[PDB]
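In structure tokens, the next block holds one chain alone, the form deposited in one PDB entry.
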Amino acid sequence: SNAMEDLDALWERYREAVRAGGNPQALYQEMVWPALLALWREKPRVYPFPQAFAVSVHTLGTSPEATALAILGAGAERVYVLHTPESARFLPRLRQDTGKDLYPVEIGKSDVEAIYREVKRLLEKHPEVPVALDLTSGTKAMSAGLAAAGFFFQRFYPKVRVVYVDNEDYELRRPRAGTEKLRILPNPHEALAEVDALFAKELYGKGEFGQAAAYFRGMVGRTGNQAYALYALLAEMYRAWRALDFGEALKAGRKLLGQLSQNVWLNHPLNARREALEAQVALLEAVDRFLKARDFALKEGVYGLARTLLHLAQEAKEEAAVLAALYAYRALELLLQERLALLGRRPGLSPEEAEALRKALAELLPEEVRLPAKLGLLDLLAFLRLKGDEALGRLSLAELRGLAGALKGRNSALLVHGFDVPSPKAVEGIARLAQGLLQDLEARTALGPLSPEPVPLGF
């Protein structure tokens, strides 16, 4: 590699020329710079891994040489030079040492805002190709602004990379001739493994449990730390729980508690809220078992199911009305059914009862109106309240008559058997009624801490 060799020889000759005592600036300009330029012309030195760039953008200040090296090292077809007004005079020489067509763009020395604007415009212009942002030359504000722009815009233009010419200083108070290397400045997200936890925590606070679980699981692979696995389990539980997959939720929670039990994890932050987690997993057990059993005697399973549905209805209430009404309807139906289970039957209708019920329903809304084989929602209200039901007897008639409209419409909704779009006031009425019943049932149940919200992550 002769160019490299005759260059090292020129560096030692330079050493002796400055040891003799000449002004080393001109001795560098004549002795060294054309051989270094030659070395980078023939074979650009890039690290850590070689890359192809379609576009390169370069801040420019006092030192044209390093920018020339950076242009040659990125090897882009299209080249932009973000330069201060003073350094425009350097652009012909920059054009000559480099042999590229340059696109100059003038920027004030303190104008960081303009750096941001120029990067944004340039990425809108080149949105699908690898782009190199070279911060080597310029004021601290220009270079830091370019790096900050690159890393920020990587979120929307993932082929952007930030680069710079790393020079190592080695008597001769100057970088050694052949040691400069074009490097990629690593993104802080890339370079810090554990910061994924921050992202995960953020996503956990907003209830996006699946994505938080993904961040935790991948962090296990990257950093090799198994504590995050536990966090993953937790998020997955809350995902399966919110998805009404109670079996998957219970499985994940049991695995999590079994991990929290080992001595190796006694100091895991999740052990600080261990009581609440055991209460929640207990809820999951009760619900899973009640789903298998369909027995309305197990009050705790009915409670967990209904409460989960009501939580989902309240979360859907503003942006997904039809969904919300579906959830709320199933909750209220379950709760009324447990009320009936307090009595004898699930169908046990005597004719004195059937007649008295036609009376009750008729007086509510015409006694000719007929009653179906399985009891409706308002049907169920009338049968239970007709039997003086404590929480259903407390009902106000003003509310009752306005609910009556919503209660007939349960199977008639878009997502069950009909085409109704729900009236939001009807959704709120169903939800409020369901909530009062949920509270009465909660009173006659054996409950843990009763913590609705997911557990705080502890870090």
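Residue numbers run from 1 along the displayed sequence. By rigid core we mean the largest C-alpha set that fits within 1.5 Å across both forms.
Not on display, but discussed next: the form deposited in another entry.
S.K.: With the two forms aligned on the rigid core, which of the residues 274, 117, 140, 189 moves its CA by 2 Å or more between this form and the one not shown?
M.R.: Just 140.
S.K.: With both forms fit on the core, is the shift of the CA atom of residue 402 between this form and the one not shown 2 Å or larger?
M.R.: The answer is no, as the C-alpha of residue 402 shifts between this form and the one not shown by less than 2 Å after core alignment.
S.K.: Any CA movement of 2 Å or more for residue 433 between this form and the one not shown, core superposed?
M.R.: The answer is no, as the C-alpha of residue 433 shifts between this form and the one not shown by less than 2 Å after core alignment.
S.K.: Core superposed first: is there a CA shift of 2 Å or greater at residue 27 between this form and the one not shown?
M.R.: Moves: yes, 2 Å or greater.
S.K.: Quick one: residue 448 and residue 436 C-alpha atoms, closer or farther in that other deposited form compared with this form (3 angstroms or more)?
M.R.: Closer together, by at least 3 Å.
S.K.: Closer or farther: how do the CA atoms of residue 448 and residue 269 lie in that other deposited form, compared with the form shown, if the change is at least 3 Å?
M.R.: Compared with the form shown here, the C-alpha atoms of residue 448 and residue 269 sit farther apart in that other deposited form, by 3 Å or more.
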